[PDB]
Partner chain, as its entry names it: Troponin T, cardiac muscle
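Have a look below at one chain only, the form solved without the partner chain, in structure tokens format.
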């Protein structure tokens, strides 16, 4: 099966894309792997806008780099454009977040305290100090009432690895 990404690269005349390949051709000019940067692995992963854990990053290479390079080569360079238009598309969705607080409710009411959140980070094995949660909750709850309702939930998931 073909894709709109690889379809464009094959459609771009060698002479046409050559004019755009003069940009990356500069960096790679002094490279042996053919990539633009040796540690570009962390940069290419940013193009997707998702870096929850360093363990999952290794999976990204197998999600986009079927070859196993970890960098945007001459071929990927052309796709880097059509791939940069992936905006307006994240991992979590309002549809999930809705069932998230609902499914993660031991009392099933609509509010999620600070403890209810710990169970989430606990699943990974991590652990913070009482000073982190105390200050953290202050953010999750714009009203700092005591729990995280629907509206509050949407905010609590505004930014936090």
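Residue numbers count along the first chain shown, from 1.
The discussion below concerns the form solved in complex with the partner chain, not included here.
Partner proximity in the entry with it bound: residue 109 to the partner chain, non-hydrogen atom cutoff 4.5 Å: Close contact exists here: in the entry with it bound, residue 109 approaches the partner chain to within 4.5 Å, heavy atoms only.
Taking any heavy atom pair closer than or equal to 4.5 Å as contact, tell me whether residue 62 reaches the partner chain in the entry with it bound. Looking in the entry with it bound, residue contacts with the partner chain do not include residue 62, since no heavy atom lies within 4.5 Å.
Is residue 33 close enough to touch the partner chain in the entry with it bound, meaning at least one heavy atom pair within 4.5 Å? No, residue 33 stays farther than 4.5 Å from the partner chain in the entry with it bound.
Can you tell me if residue 39 lies within 4.5 angstroms of the partner chain in the entry with it bound, counting non-hydrogen atoms only? Heavy-atom contact with the partner chain at 4.5 Å: absent for residue 39.
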